[PDB]
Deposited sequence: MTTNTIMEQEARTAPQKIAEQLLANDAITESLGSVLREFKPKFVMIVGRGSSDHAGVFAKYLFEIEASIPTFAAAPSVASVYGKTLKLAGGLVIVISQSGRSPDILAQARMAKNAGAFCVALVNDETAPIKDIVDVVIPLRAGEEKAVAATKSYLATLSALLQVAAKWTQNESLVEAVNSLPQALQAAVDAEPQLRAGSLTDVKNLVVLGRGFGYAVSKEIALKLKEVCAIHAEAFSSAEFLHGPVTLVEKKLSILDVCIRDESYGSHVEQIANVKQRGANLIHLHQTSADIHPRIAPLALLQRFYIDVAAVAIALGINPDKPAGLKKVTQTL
């Protein structure tokens, strides 16, 4: 243990998210039946949580999902035709002008609008149709940990309640225990693996690609290492390995770049018994604790 606020906060994520899912069960149940009547033609994410949301809603609901480009609303001043679509606004504080502007425009276009927000006093609440509180508490660390996991858990519960896919409902039911298992697992990323690393490539596929971007960002923000995330199909190297449908094509690519001579550090979800849709969060949970230790070792206070 580093005794940092970052690691202390990361270790609280299983408990905060367990409380979140229980407290939000009713409001997401209600949003689910509203969405089944509304029948979104697409999901637009207003804000890396969006990349995760894209794989989540496309795979589990077959609904095209994508991220808004903020400047279209704020700089070019354009409203999009969003009638019949769902807009999810993801904002911790729920106060930024650009976020509020995108939300009003989405509403004025006839979109059904949901906000995922940590601060329930925020003015986003007076614009959107539905507020899902993240219930992560206060994050004192500069690097977000529990608040990002809380966003993914809220997305997962919204999706579980809307689709009512039994395996997704099972995934959400298992999520806090799985995160706690990841907290209790053995460290994966160790400072030794990065001693002379300046440029770094994080590779993942599918949901693992979604969490690779968060990992690359956190290595930049916390460890001062130029990290960039890529899909392993399209592509020294950080392997984000998830045991889901992407396992087969991903490990073949990782195996061959290791064969060709790349320097490899391997992350994984910590246990085979974790539901495939929860595995990306479990891997991240583990990484959040381990990157705190790494930062201290390279001489940085997280």
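According to the record, C-alpha coordinates are lacking for deposited residues 1, 49-53, 242-253, 321-333.
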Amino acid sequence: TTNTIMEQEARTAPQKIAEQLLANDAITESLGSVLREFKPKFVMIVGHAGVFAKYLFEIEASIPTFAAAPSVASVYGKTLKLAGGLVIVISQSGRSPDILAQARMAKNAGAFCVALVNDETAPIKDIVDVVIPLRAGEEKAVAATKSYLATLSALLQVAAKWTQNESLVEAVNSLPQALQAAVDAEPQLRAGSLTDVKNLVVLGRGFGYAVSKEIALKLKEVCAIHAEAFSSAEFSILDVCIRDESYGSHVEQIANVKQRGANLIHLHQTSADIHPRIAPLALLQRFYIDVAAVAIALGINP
From here on, numbers count along this sequence of modelled residues.
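For the pair 27-35 and 51-59, the mean Cα B-factor is higher in 27-35. Stretches compared: 218-226, 77-85. Higher mean C-alpha B-factor in the entry: 218-226. Within the listed group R260, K41, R243, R277, the record reports its top CA B-factor for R260. Note on the listed residues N118, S174, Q188, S167: the highest Cα temperature factor in the record is that of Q188. The entry lists a Cα temperature factor for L194 that places it in the highest third of the chain's modelled residues. Compared with the other modelled residues of the chain, the Cα B-factor recorded for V114 ranks in the lowest third.
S249: CA B factor in the middle third of modelled residues in this chain (values from the PDB entry). Remark: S153 belongs to the lowest third of its chain, ranked by C-alpha B-factor as recorded. The PDB entry assigns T163 a C-alpha temperature factor belonging to the lowest third of its chain's modelled residues.
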